[PDB]
Amino acid sequence: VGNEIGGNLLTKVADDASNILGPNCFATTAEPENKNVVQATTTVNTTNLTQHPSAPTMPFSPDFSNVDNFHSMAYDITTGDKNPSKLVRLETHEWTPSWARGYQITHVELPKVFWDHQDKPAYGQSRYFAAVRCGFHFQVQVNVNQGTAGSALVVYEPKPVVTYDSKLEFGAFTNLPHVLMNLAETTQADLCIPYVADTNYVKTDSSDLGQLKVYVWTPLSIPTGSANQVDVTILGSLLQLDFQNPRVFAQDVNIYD
Amino acid sequence: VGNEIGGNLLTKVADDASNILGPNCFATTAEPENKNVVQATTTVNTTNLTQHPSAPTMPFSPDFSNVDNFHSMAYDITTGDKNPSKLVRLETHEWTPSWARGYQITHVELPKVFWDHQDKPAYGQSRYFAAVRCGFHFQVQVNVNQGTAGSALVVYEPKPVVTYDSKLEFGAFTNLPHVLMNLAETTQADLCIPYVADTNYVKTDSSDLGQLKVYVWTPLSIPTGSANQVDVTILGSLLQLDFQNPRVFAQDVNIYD
Amino acid sequence: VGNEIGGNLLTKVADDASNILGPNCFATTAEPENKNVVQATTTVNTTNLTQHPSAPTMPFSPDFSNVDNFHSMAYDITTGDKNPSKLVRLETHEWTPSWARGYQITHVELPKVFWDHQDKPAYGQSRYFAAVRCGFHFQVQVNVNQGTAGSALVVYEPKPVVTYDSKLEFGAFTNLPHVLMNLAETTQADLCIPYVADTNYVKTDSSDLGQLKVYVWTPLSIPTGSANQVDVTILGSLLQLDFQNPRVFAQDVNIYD
Amino acid sequence: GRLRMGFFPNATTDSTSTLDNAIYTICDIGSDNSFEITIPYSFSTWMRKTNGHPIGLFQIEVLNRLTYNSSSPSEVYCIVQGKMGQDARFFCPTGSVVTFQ
Amino acid sequence: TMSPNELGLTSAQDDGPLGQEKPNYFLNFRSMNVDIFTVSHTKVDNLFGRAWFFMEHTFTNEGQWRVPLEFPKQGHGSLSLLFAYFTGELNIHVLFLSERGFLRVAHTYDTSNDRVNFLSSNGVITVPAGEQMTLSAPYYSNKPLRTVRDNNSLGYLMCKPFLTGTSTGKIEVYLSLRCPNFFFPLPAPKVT
Amino acid sequence: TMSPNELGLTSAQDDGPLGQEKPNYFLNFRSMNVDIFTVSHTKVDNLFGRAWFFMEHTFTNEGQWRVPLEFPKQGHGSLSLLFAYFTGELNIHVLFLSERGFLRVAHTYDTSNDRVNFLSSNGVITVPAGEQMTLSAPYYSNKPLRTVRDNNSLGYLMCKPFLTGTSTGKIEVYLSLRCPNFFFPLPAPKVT
Amino acid sequence: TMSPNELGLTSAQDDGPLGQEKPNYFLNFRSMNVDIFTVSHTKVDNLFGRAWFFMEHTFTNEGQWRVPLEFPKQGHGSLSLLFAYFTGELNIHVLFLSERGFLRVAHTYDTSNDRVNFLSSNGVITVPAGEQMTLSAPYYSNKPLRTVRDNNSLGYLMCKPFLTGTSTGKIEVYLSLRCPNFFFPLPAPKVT
RNA sequence: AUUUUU
RNA sequence: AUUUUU
RNA sequence: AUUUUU
């Protein structure tokens, strides 16, 4: 109806009053490069709202694959991602001879032990999330010369068990995922433990989700000459890990009621 | 050419540098909810122009039929509309005995009589309009016992007649829409009068468009014992009504030159 | 999503709550006549950029053909355009008797001679351009009675020749576009000379592109009674003209390095 | 000007803290000056107390000083509204903790 | 794809009409509807289908008990205060705590206090002593809608106990509604 | 449907080109064209087809009457002042009020006062005494268009009466035009 | 048709991404590409395919000549300073100005000054006295790209002349490159 | 890598 | 008024 | 120039 017709009311007029030399004027109307629009950009748990956007820029004929075709780093591309699920040494205590049956050799705070020190692959991420849901794969290793004998009970104890531990009858702990491992026969035990709790998620940096322990099934029968320093080591791997709740750096957050 | 490309120059780039975990960023550009538009709204003889409109609101799952399905008011939906055309009592004078023929019993200012008092159904609207074009339906009622006799002339007199009334020969008034009604025979007369004037429209609250009168065709012959108080009543209905010119409340406006 | 819906959220609502009398309200929304656009207009070597344009206007049922259908001016429509290429008198010197062979009768600064005076058809345009590329059509005229005899050498000398003129052997100048014209036989000579230079374009108002000269092939043999005042005239026409470089009015501009 | 509002789910320590790791939304003043922010369900349970643990820490920090001119205000008013998402649900009806009027 | 409007950038003045189920997203997020029970506890029929205490009356004689029934500003029934109009069945739960006798119960929306003096046809159900009944009073209101707030939003309840000896007691009353029709939600209530 | 532009909301700076027959509406209204007569009285041909007084001259001798014909700033012909250029037939109405004689009438657009001294071929129509004639002078102008305002916009009129005795009189002149071609309407005139 | 954007009206903040071959026009004008030679002199391969002086060394003994090869901030090779990274063949032109002898020439990108003490496999081409050779050193760099600016952007050149008697001289060195791969153009250099 | 030339 | 439940 | 009228 008007206010834009500036192009065909000048482009035509000349095209109507043109001679063999052609039109003496050309007029074109259109919208400005800077139009009235709004741009929104979302990254991980973030949203940037801009109402005065500008044409995004970038280098000449750029390549954003970001993958080094020469593989100057021979590793899997998802190495850094899976790194926190890596197998790690959770504990190593010494089986002190003369320890009656039932005696607890060593324990391990599950799952906060995987972030035991700032030198743990999972320690990094674990600090930026308050909630966790994961599966475990333990490998308790105990080496003893052939001359010696004995047996230890590697068992997983959920918070329920750990809470009421004294109320439970030892010798029945075989009801829990365990590995009566007879020394001089086995040097390592394997335990695959899924997420077990009375809550969908467990607070990061908590002893919840139970804890893995190692008891004395039958004390060590170490002959005279045989060595007497048996070490028990607990290794742990995360079959599957999941950090959800965001939070400040290593700040105690209550996911529970 | 630029200034909007913010969406596909960020949405694509990521879609080009994405790994099994998918893109790490999404960008979408579009027009703001508050765009540069103009709204116009027109009601009866009104026009509202707004250049800064906002999204109109309304209740949840609303019903604008505005019709009471239960009819708590049993009447026609168009009752209020037609109300002003309703039949009403325009006049009631007493036929004073001993009144020679030709004598004028009673008159009625047409059409301003339908707005005679603020208690007239049409009085309401009539006040908001200066122009009128309507048809009439009169019903002059005169009741007299059987013993008595007489006759009255109910006739419609346009402004032309009313103006020059004395110049006209009585007894010839039968040329105008009339009803020689012989008492003791008829108790009511019916007259359907269309819009009659020398102008398309008549000024509201004016005596124009003539006036209805009732004359004495033959005086009342009331016997000795018979009653002597005969009343003549004039009722009026609007076959069709039309108020056009808007104006202040009951303010004299000149539609004429 | 909002901010424009003002039209169908008011136009419909009424259309939903309308009775036999139809809707009691209509609302329409759209863009303002003054929208956010930009207009650009280009004339000869000019470009007008406006970001706040308005609807262009013009007279009632206008005719922009600009051609006078009555031809009150009987001439070719392109007369003014071609005018500068028109044939003109470039020079007129007198053949002074007793002038040995080889003697230069008269010369002419090419091409700046066509703008010799402000009374030259081409003088007008020549002033608004610094560069020139054109072709020539000379017509050297020399009239002599039958009794007399003689011959003149009309030859075109490019800048190269004009520069090193003394180094060239006369009598060999017949190698250049010339016209040995024997008086008493021919009264006019015709020479069609195209653009000749060592540069694509020649600076306007320059002696470059050579110059046309007229020499004495064989001196005038004028009998006793015969007249002794022979005039040599040089006329010039532009087969094709081309002014390119824009510049201030008649300001020396260097197109060369 | 710009303003970044973040939210740390189930956070309890009411103290100013960098929102770089929190769910935030940057607000650039324009025509539509009503920015939102969504907080996905986050609890150790499939259902959480309607009245118990906080929803989290809500912080709105200044990103770019509110600019103005000779005829414009040097400070403006803000309003914060809250509602439930399209996936919102309530479960057990319990007693009352307060009395309305 | 997703528009900036659904990413948080909107305008409060463009919300009308009322009731816009607009979706909100951002990377790594989408409205996830997970159910824990086989049915909804938010539906008006279900929630309100569950009674809530109303009031108690201690009788000594055979007098009558007239009380303006209204919506609670106290229990889960308070969720009704979010609405303006109501209409539908009304479930009244009455407990007759008495040693030996009978309790006449009736309900009407009629404001007149004389149409109740008799109890002819106002629903005189009989709860024997020490018993309890749940009567569902129909919408016998003279008003199409019941403003939900009124001190008598719900119709009046009548209780004329028919005692036999010096026996006395107390009548605790709680109530719910059957299928409720609420309209035109109003602003949330304040606290005391 | 109807746009807000046609409802009154417009911009004065977006009116060009000149001549925009835009429709204006609102509820309960629409452009209604009702005719009273079988033809238009606004058409240039019709309106101007009707004469209007010009001027009067009182003669005593057989002298000649030269007068610069121009458009009226007085009668209905004033509507011409709304235009700038004219061209077409010119109807001249002359009344010869004389007892005994003849009136020579002629018309030319030629400005020269000598090409009229004779009246050879300038249209010497003859109106006998006491008579009146209406001569239609063609567009014998040397200018394609006649500025409508000029004191001589219309060509000059000549009147050389051929009297017989001492008789004298007056020549009243009024005029109209046949099919007029007006162009480039200019702003409305002022009043005195 | 032509848009106002292509007529000069644009916005500097809407230029990204880098590299917009937008056409510019106006009446009586259009981009005219006219070639004078059968090929381009702007193409990286052609321009740089032509050597340029580098440096000169005057020898007296049989010592070795180690020199960090770099791009010129002096000749037409300076056009390289407009880039940030390089990779490809390197043409080294050496002139051995000596009366009687031989010149050992080698090239490596290895920074270690001991891997050159021997010249085992560093390309020991032999230019007899008074001769000159052009050896093309491959991209035997341990870095995928060579920052173009580094004082050693190009690998080091070695020259151990094998003289016979007291003879001495000077070794002038100039160089070019075979097919060069330049990336990420940086801002233009300043002048001294 | 028609990243010698066609 | 699948405004008991499917 | 249906720029007399249809």
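Residues numbered from 1 in each chain as written, not as in the entry; some residues may be left out. Chains lettered and ligands numbered in written order. Part of a larger assembly, values for the part shown. Heavy atoms only, no water. Residues with missing side-chain atoms left out of burial classes, pairs and counts.

What the deposited record gives as its method is X-ray crystallography, and the resolution it gives is 3.1 Å.

Enquirer: I'm lost on the overall build of chain E in this one. Help?
Expert: Counting its secondary structure elements, chain E contains one helix and eleven strands. For chain E, the N- to C-terminal ordering of α and β elements is β-α-β-β-β-β-β-β-β-β-β-β. Relative to the globule expectation of 16 Å for 192 residues, the C-alpha radius of gyration of chain E, 22 Å, shows a markedly less compact shape. Expressed as lengths along the three principal axes of its C-alpha atoms, the size of chain E is roughly 80 × 35 × 30 Å. Considering only contacts in chain E between residues 6 or more positions apart, those separated by 24 or more positions represent 81%. (Helix = DSSP H or I, 4+ residues; strand = E, 2+ residues; numbered from the N terminus. Rg over C-alpha atoms; globule rule 2.2 N^0.38 Å. Contact = heavy atoms within 4.5 Å.)

Enquirer: Is there a simple way to think about the overall build of chain A in this case?
Expert: Scanning chain A for helices and strands turns up four helices and 13 strands. At 34 Å, chain A has a C-alpha radius of gyration far larger than the 18 Å of a compact globule built from 257 residues. The principal-axis extents of the C-alpha atoms in chain A amount to approximately 120 × 50 × 25 Å. The long-range fraction of contacts in chain A, counting pairs at least 24 apart against all pairs at least 6 apart in sequence, stands at 79%.

Enquirer: Can you walk me through the interface of chain D and chain A in this structure?
Expert: How big an interface is tends to be expressed through the accessible area that disappears when the partners come together. Between chain D and chain A, the residue contacts involve 31 residues of the former and 23 residues of the latter. Contributing elements (two or more residues each) for the side of chain D that touches chain A: β1 (2-9) and β2 (23-28) of chain D. If one sorts the elements of the side of chain D that touches chain A by residue count, β2(D) sits on top with six residues. As judged from the four bridges shared by strand β3 (residues 46-50) of chain A and β2(D), these two strands associate in the parallel manner. (Pairing = 2+ DSSP bridges.)

Enquirer: Mind showing me how you'd approach the interface of chain E and chain A here?
Expert: Opposite the seven residues of chain E that make contact, chain A presents eight residues. With both sides pooled, the region where chain E packs onto chain A buries about 750 Å², and carbon together with sulfur makes up 73% of that total. When the buried surface of chain E facing chain A is broken down by residue, E:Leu7, E:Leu9 and E:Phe26 rank first, second and third, together holding 60% of it. Joining chain E to chain A, the criterion identifies one residue pair in polar contact. Tallied by class, residues from the side of chain E that touches chain A come to five nonpolar, two polar and no charged. (Buried area = accessible area lost by both parts, 1.4 Å probe. Polar contact = N/O pair within 3.5 Å; in protein donor to acceptor, adjacent residues only side chain to side chain. Nonpolar A, V, L, I, M, F, W, Y, C, P; charged D, E, K, R; others polar.)

Enquirer: Please clarify how a nonpolar patch on the surface should be interpreted in this entry.
Expert: Taken together, the side chains of D:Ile29, D:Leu66, D:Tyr68 and D:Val76 make up a nonpolar region of the molecular surface, amounting to roughly 370 Å² of accessible area. When you line up the elements, D:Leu66 lands in the segment after β4 (56-64). (Patch = residues over 30% accessible without salt bridge, like charges linked within 9 Å, V, L, I, M, F, W, Y side chains within 5 Å. Areas by Shrake-Rupley, 256 points an atom, 1.4 Å probe, with all protein chains shown as cover. Salt bridge = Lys/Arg side-chain N within 4 Å of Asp/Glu carboxyl O.)

Enquirer: Hey, could you run me through the sheet that holds strand β2 (residues 38-43) of chain C in this one?
Expert: The pairing of strands in a sheet happens through backbone hydrogen bonds and is either parallel or antiparallel. On the basis of which strands lie adjacent, the open sheet formed by three strands has the order β1(A)-β2(C)-β3(C) and antiparallel pairing. Strand pairing shows two members of the sheet lacking a second neighbour, β1 (26-30) of chain A together with β3 (46-50) of chain C, which therefore form its edges. Within this sheet the neighbouring strands show an average axis-to-axis angle of 15°, counted without direction. Sheet topology places β2(C) next to β3(C); five bridges connect them, and they run antiparallel. Within the sheet, the bridge partner assigned to C:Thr42 lies in β3(C) and is C:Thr47. (Axes fitted to C-alpha atoms, helices over the stretch in contact; angles between N-to-C directions.)

Enquirer: Please explain empty space enclosed by the protein as it appears in this structure.
Expert: Where empty space is left becomes clear once a probe the size of a water molecule has been rolled over the atoms. Quantified by volume, the largest cavity comes out at close to 100 Å³. Taken together, 13 residues line the largest cavity, and the ones lying closest to its centre are D:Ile37, D:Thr38, E:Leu7, E:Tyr25 and E:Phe26. Of the residues that constitute the lining of the largest cavity, the class distribution is six nonpolar, five polar and two charged. (1 Å grid on protein atoms, 1.4 Å probe; cavity = no way out; pocket = protein on both sides within 12 Å on 5 of 7 lines; lining within 4 Å. Points joined across faces, edges and corners; volume = space filled by probe spheres on them.)

Enquirer: Would you take a moment to explain the side chain of A:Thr42 for this structure?
Expert: Along the chain, the position of A:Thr42 falls in strand β2 (residues 38-43). Separated by 2.7 Å, the side chain of A:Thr42 and the backbone oxygen of A:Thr46 make a polar contact. A polar contact of 3.0 Å, which involves the side chain of A:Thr42, links it to the backbone nitrogen of E:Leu27. In contact with A:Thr42, other than residues within four places in its own chain, are A:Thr47, B:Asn24, B:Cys25, B:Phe26, E:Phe26 and E:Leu27.

Enquirer: In this structure, what is going on with the sheet that holds strand β12 (residues 211-221) of chain C? I would like to understand it.
Expert: Residues and elements named next belong to chain C. Taken in spatial order, the four strands line up as β5-β12-β8-β9 in an open sheet, and their pairing is antiparallel. Edge strands, defined here as strands with exactly one partner in the open sheet, are β5 (104-106) and β9 (178-182). Across this sheet, the average inter-strand angle for adjacent strands is 30°, counted without regard to direction.

Enquirer: Whenever I open this one, unusual backbone geometry confuses me. Can you help?
Expert: Peptide bonds are mostly trans, and most non-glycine residues show a negative phi. Note the cis peptide between A:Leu110 and A:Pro111, where omega equals 0°. Mapping A:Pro111 onto the fold places it in the loop between β5 (104-106) and α3 (123-126). Notably, B:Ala184 is not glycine yet its phi reads approximately 65°, a positive angle. Following the sequence through the fold, B:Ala184 ends up in the loop between β9 (178-182) and β10 (188-193). Taking the relative accessible area as the measure of exposure, B:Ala184 reaches 39% and is therefore partly exposed. Despite not being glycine, G:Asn28 shows a phi value in the positive range, around 60°. Within the secondary structure, G:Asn28 is located in the segment before α1 (44-47). (Buried < 20%, exposed > 50% of the residue type's maximum accessible area, 1.4 Å probe, protein only.)

Enquirer: What's the story with the pattern of salt bridges in this structure? I'm lost.
Expert: Working definition: two side chains of opposite charge can pair if their charged atoms are close together. In the structure shown here, the tally under the stated rule is 32 salt bridges over all chains. Measuring nitrogen to oxygen at the nearest pair gives 3.4 Å for the salt bridge that ties B:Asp252 to B:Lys203. Of this pair, B:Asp252 sits in the segment after β13 (230-240) while B:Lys203 sits in strand β11 (residues 202-203), and the two are 49 residues apart along the sequence. Overall, B:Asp252 belongs to the exposed group, its relative accessible area being 57%. The partner of B:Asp205 in a salt bridge is B:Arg247, and the shortest N-O contact between them spans 2.8 Å. Of this pair, B:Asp205 sits in the loop between β11 and β12 (211-221) while B:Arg247 sits in the segment after β13; the two residues are 42 residues apart in sequence, bridging distant segments of the chain. In the salt-bridge network here, residues are joined through shared partners; they are A:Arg127, A:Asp205 and A:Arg247.

Enquirer: What should I look at first to understand the side chain of C:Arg127 in this one?
Expert: Residues and elements named next belong to chain C. Of note, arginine 127 is situated in the loop between α3 (123-126) and β6 (131-132). For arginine 127, a relative accessible area of 15% puts it in the buried group. Each residue touching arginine 127, except ones within four places of it in the same chain, is listed here: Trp115, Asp205, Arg247, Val248, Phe249 and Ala250.

Enquirer: So what exactly am I meant to see when it comes to the packing of aromatic side chains here?
Expert: In this description, a pair of aromatic rings is defined by centroid distance and the angle of the planes. In the structure shown here, the tally under the stated rule is 59 aromatic pairs over all chains. Seen from their ring centres, B:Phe129 and B:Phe243 are 5.9 Å apart, and the 10° between their planes marks the pair as stacked. With B:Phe129 in the loop between α3 (123-126) and β6 (131-132) and B:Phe243 in the segment after β13, this residue pair connects regions lying 114 residues apart in the sequence. Note on accessibility: B:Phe129 and B:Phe243 belong to one class, buried. Their ring planes at 70° and their centres at 5.3 Å tell us that C:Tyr128 and C:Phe249 sit as a pair that is edge-to-face. (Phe/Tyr/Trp six-rings, centres within 6.5 Å; stacked < 30°, edge-to-face > 60°.)

Enquirer: Can you walk me through the state of the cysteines in this structure?
Expert: Here, disulfide denotes a covalent bond that connects the sulfur atoms of two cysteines. A complete count under the given rule lists zero disulfides over all chains for this structure. There is no disulfide at B:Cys25, and the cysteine sulfur nearest it, in D:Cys27, is 17 Å away. (Disulfide = S-S within 2.5 Å.)

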